[PDB]
Each structure stands twice: as structure tokens, then as C-alpha cells.
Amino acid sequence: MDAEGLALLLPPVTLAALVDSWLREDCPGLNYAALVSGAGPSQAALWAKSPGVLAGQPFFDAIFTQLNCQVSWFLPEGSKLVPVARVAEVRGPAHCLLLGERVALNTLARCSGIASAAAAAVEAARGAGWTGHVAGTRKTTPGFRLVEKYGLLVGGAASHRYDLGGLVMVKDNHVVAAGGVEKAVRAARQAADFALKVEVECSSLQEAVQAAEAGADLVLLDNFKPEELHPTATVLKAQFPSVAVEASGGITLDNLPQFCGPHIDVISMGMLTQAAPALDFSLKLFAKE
């Protein structure tokens, strides 16, 4: 509902340590450019130069907070960005603003790109009349998942499982390793019967039926062509009405409406995190009025 409340999801203690490692990565030793700018109190304007959705204020704020700077936002989390928009002002000693600048922009750009992709996907789906959830994956940049799942939520998608613990997800490789879908789904059920859910990844109707018989909570139809996707889900919903159907594999902004259908509850797209270009933001010091 409200993109403004999503920030309560982020534990305060994780932000500070996350942010501290990013700052150290960009300046591990002596910050020679501090001598160029000096330490006088300054003001920068944050400028939106790309269209999209604003996501990332919590991480932007945390970065500058460790550098004793303050941020005033002129747009809420989740806003549509119409270029060229003035979206915040940052205040602090000049060398601190310029030290935090690059990391803060990198984070805002990337989080917002993901939310902009997610909002477009949510839009395309509703424009085909589909009421299910658009979702992300675990195809995230390592070390950056907290930012990328947050960005999905701001854009209106579900984050899907955060990590491997999680919901027990039986994949192709698990079926092979366990010697059969029925053995794998039985082993996944025991591993947390109460209460984690079990999702099972299925390359065909007959695997999906076997997964549902063995007790899957969710059935993921993997890499179906749309023309076989919907018949398969119809049979499933008629035979196992309380099992949820997820479609996934090669779904993009463009072909997404072909994968929306009344018997698909969830559509997950790797593109939301692997192919969402970053938005264009700049931070510019200006003289005080």
C-alpha cells in the first residue's frame, strides 16, 4: 500500500554496518581530496535526471548520517520522478558531503532502477487485468541483497523469499540429487513441516501434479511457453485448488502480459534485478541563499 512505511523493514543495526563497509571500500586509507574542498559547512542538491520511481532514502540517509550530514527530502519514497527534479538537499561539512557523494548516488541509482523496473512490471500486469503478485528472485548482486529486495518492495513487487531459509524451495538439481520429485518433496516436507512453506520447481504438468500430491504449498512452472503455461495451471487449480502457481523463466516487461492468467498467482522475473539499468542522479554543491 504505502511505500513510505517500507523503511521500518530495515534493522537499524544492519544499516550502519552495511554503510560502513561501503564507505571503507571507496576510501580505505587517506582521503587526499578532503584538502581540496576543506571542511566548511555546505549544501548539495540531489537531482533526478531519469524517469522512474524513487527508492532508497533509508540507505542514502544512513550513509550521510555516518558522515555527520543531514538530508531533507522533497519527494517521498516511491514518488514518480519527472526529470529534471530536485529531490533532496544534503547539508554538512564539504569534505563529508563529497566523501559520501559517490556511494550514496550509486545506492540510490541502483535501488531506484530496481523499483522503476518493478513498478513498470506491476503496471503491465494490471494493464492485462491480472491481480496476482509480481515478484523478484535471488538473482541479486552479492552483498547488496538488502538494497535490492527493498527496491522491489518500493516499486510494488513482492520480494519473494529473502534467502535460503526462507521457504524450502526444491529445484531441478534437488530432484536429480534426491532421485525423483516425490522423494525430494517428501524430504522438503519433513525439513520444515510446520512451518515453512515448500515450493517446487517443475518443468512439466506431470512433475507439477507429483509435487502437489507430495504436499507442495507452491508449484513453480519453470520456463513454460505461455501456450502450455495456462492449460497446465488450469488443470492444477482444478485438481489442487489450494496450491499456488508461480510462473517463472524468461518473463520480461514486454512478454509479461502473455504470462498473466487467472490461474497464475505469482510471476517472478530475474530481469527486475539482473537487467534493470540504474537511474541518473547527481549531487551538486551550491552557494547558500
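Numbers follow the displayed sequence, beginning with 1.
Undergrad: Higher mean Cα B-factor in the deposited model: 109-117 or 71-79?
TA: Comparing averages over the C-alpha atoms only gives 71-79.
Undergrad: Looking at the deposited entry, does 213-221 or 147-155 carry the larger mean Cα B-factor?
TA: 213-221 has the higher mean C-alpha B-factor.
Undergrad: Which of these has the highest Cα B-factor in the record: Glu123, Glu89, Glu101, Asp172?
TA: Within the set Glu123, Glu89, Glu101, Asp172, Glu123 shows the top C-alpha B-factor.
Undergrad: In terms of recorded Cα temperature factor, pick the maximum from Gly136, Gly166, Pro93, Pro142.
TA: Top of the list by C-alpha B-factor: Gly166.
Undergrad: Please rank the C-alpha B-factors of the chain's modelled residues and tell me whether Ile264 sits in the lowest, middle or highest third.
TA: According to the entry, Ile264 has a C-alpha B-factor in the chain's middle third.
Undergrad: Divide the modelled residues of the chain into thirds by Cα B-factor and specify which third, lowest, middle or highest, holds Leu279.
TA: Its C-alpha B-factor belongs to the lowest third of this chain's values.
Undergrad: In terms of the CA temperature factor given in the entry, to which third of its chain does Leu97 belong: lowest, middle or highest?
TA: Lowest third, going by the recorded CA B-factors of the chain.
Undergrad: What third of the chain, by the recorded C-alpha B-factor, contains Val13?
TA: It falls in the top third of the chain.
Undergrad: Compare the C-alpha B factor of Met271 with those of the other modelled residues in its chain, then answer lowest, middle or highest third.
TA: It belongs to the highest third of the chain when residues are ordered by C-alpha B-factor.
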